[PDB]
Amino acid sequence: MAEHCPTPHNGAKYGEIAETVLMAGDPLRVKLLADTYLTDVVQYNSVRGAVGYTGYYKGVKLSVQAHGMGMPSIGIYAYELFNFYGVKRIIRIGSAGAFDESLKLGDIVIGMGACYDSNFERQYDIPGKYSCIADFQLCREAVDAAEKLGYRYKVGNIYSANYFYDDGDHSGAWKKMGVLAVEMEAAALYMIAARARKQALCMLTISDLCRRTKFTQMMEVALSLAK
């Protein structure tokens, strides 16, 4: 929908963002990704400091975009990318707290599914519980890539919380259910992708137990998904 670009949150015109977007929470990290991996970089967004860049990675056009923190924030960005900019694929990368005791610091978690605190699923009027899943194909390509590069990974359920600071201790039930790791965004992305018939995947590096070399390895898995 070219008529809806630029948006209140994104200064890009239609066509300035690639069909594959890598997203991360921190704009400083998004900039480091652009500087490290992309050639011919142009910035298409600086609205609200949520920097977005478009460049080339091994000859294919690729965009990297900041999404801020929490499901409502990434929801706004992903909705616009999928529905207004013609984006096909969003891969979110970031750090996470491990719930699963067998995960080591720097292990890659591939988020096949995302559990969640209520966000904006109510706005879809779903008469039961909706299970947020990644796109099977991105998930399969991310696993094949980790296996090809011989990196340590686990694929399974993550948890997209609305809180960073817990007023209680609410982690026990998720741990008992086999959830691998906690972050704050994936479930919103998966829902929006599913509604749009587009592909999303969240990949995470474990950084806390509930770095540059480890994180770089997560990047090589993610970047291998660029199309």
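Sequential numbering from 1, following the sequence displayed.
Missing residues, deposited sequence, between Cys210 and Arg211 (class: none, 1 to 3, 4 to 9, 10 or more): The entry leaves 10 or more residues without coordinates here.
Of 44 to 52 and 161 to 169, the stretch whose C-alpha atoms average the higher B-factor in the entry: Looking at the record's C-alpha B-factors, the answer is 161 to 169.
Residue range whose averaged C-alpha B-factor is higher in the record, 215 to 223 or 8 to 16: Comparing 8 to 16 with 215 to 223, the higher average CA B-factor belongs to 215 to 223.
Residue, from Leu105, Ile126, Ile76, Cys132, that the PDB entry assigns the highest Cα B-factor: The C-alpha B-factor peaks, among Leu105, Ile126, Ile76, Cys132, at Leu105.
Per the PDB entry, maximal CA B factor within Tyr116, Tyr151, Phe136, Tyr85: Among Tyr116, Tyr151, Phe136, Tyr85, the highest C-alpha B-factor in the entry belongs to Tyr151.
Among modelled residues of the same chain, the CA temperature factor third for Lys175: Middle third - that is where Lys175 ends up once the chain's C-alpha B-factors are sorted.
Lowest, middle or highest third - CA B-factor, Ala145: Highest third, going by the recorded CA B-factors of the chain.
Third of the chain, ranked by Cα B-factor, where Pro27 sits: Middle third of the chain for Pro27's C-alpha B-factor.
Third assignment of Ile206 from its chain's C-alpha B-factors: Highest third - that is where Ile206 ends up once the chain's C-alpha B-factors are sorted.
Entry-reported Cα temperature factor of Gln199, expressed as the chain third it lands in: Its C-alpha B-factor, which the entry lists for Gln199, ranks in the lowest third among residues of this chain.
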